[PDB]
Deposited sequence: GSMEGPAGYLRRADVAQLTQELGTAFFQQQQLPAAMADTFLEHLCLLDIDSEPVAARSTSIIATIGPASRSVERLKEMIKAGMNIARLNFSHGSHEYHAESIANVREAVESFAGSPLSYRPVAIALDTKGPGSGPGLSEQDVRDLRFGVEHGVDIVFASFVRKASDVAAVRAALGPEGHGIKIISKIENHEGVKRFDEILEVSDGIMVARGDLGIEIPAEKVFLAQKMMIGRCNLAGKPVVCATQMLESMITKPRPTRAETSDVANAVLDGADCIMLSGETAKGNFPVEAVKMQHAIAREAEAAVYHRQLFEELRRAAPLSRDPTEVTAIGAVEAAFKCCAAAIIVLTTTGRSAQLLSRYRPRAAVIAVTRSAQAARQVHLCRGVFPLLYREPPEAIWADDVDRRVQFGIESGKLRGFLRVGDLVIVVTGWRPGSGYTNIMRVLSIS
């Protein structure tokens, strides 16, 4: 029964062609949904009660579009998101962090506009986790956004939106200084021929996967759902193919901001992503990611590849990792393990930000501390196991890979352990 679920017959195929031939509509997904969903907040999704339903449906990141609305409007949206998120904090083993992303208006006909400087300042003051920087054309655009976030915004992730020909041509220099990329297909599809957008999307996703940096696929993914309860056949295909291309996140704009079916749009992205993730051909994908990732003397990078290899060897249900900044979880995510990466962190901000990395399930640790550091580490690992059991990730008898470090503080991950559950 185990080997018939989650497209395991197609996963064992010797060629990609045989993998396609073995895909089965009756093979049900079992793993938790790994591709994060970004939902744009607006009149259709601003109330606390509506936001609670969207969190339950699968929303991981709330996007505030600063192209419309005042600072007062966006501050109320942030407060409503936080109220809805914290309404579930009474159950620590199931609490779900939700990131807040600020999407800038952009340069317009101008570099960094004066409105963007004020909006970025607002973001820092209101503790946003991510900035989706509009119309990034070159590396100096990213440096200007970073400078506008100031010394208090050093921890905010900058995701550069590629929306025109120049952004595509200068992609390598932009990715080098960014935390990740958004394929902003709306403007991209008007700036370059509509029939070329898929090439730019596939190239940018491939380059981000090679770099181990998050990539978001955005705009018109389920467009018809703004007025209709069900999407078109092209829309379900688009969502599935963004996941199969290698996207870390998928996005909803008008579908959740102003449409008549915001919750249904989130549920539809969740359902498609789960099916597409099981259809990933890990045999070739892992081989290529492993071969392309450079040789390294960084112990976190070395431990990450060893842990992913070990997880595939035993069909591990999960890789439990302790992380302060999210970096150790990101380095595991870059190899696309089938095993869920359960990231245990004390940082509320890192827990929200790791939603950018595919297959990372953040757990915010709020249990009393242990006096002995080794005992405190063991307790965080047991918290990951107990949360994993409650959420359906783990069962007694499963094998898990545990990734920890030799001393406190970020940057010292160097240990991988094979553990039997219960």
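Where C-alpha coordinates are absent, the deposited sequence of this PDB chain has the segments 1 to 24, 135.
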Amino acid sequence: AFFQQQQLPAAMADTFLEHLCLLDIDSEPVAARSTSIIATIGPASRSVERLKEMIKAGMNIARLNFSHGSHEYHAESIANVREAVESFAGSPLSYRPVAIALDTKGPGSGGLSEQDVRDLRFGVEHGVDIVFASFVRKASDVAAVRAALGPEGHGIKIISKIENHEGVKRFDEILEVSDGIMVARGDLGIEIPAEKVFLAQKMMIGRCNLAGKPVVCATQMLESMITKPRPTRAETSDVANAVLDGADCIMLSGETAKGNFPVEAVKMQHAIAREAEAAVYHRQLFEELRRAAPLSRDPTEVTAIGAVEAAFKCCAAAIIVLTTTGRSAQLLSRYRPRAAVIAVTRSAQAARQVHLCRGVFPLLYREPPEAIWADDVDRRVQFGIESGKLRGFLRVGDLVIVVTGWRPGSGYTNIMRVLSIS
From here on, numbers count along this sequence of modelled residues.
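Between two forms, the rigid core is defined as the largest C-alpha subset superposing within 1.5 Å.
Core-fitted comparison in 9 other deposited structures of this protein shows that, between 88 to 96 and 338 to 346, the CA atoms farther from the shown form belong to 88 to 96. The PDB entry records a higher mean C-alpha B factor for 116 to 124 than for its counterpart among 201 to 209 and 116 to 124. Here 5 to 13 and 19 to 27 are compared by their mean Cα B-factor, and 5 to 13 comes out higher. In the PDB entry, the Cα temperature factor peaks, among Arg334, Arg346, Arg185, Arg146, at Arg146.
Each of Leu356, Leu394, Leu363, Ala39 has a CA temperature factor in the record; the biggest one is found at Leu394. In the PDB entry, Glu152 places in the highest third of its chain by CA B-factor. For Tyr281, the recorded CA temperature factor ranks within the lowest third of the chain's modelled residues. Among the modelled residues of the chain, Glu223 sits in the middle third by CA temperature factor in this PDB entry. Sort the modelled residues of the chain by CA B factor and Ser34 lands in the middle third. Split the chain's modelled residues into thirds by C-alpha temperature factor. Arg233 is in the lowest one.
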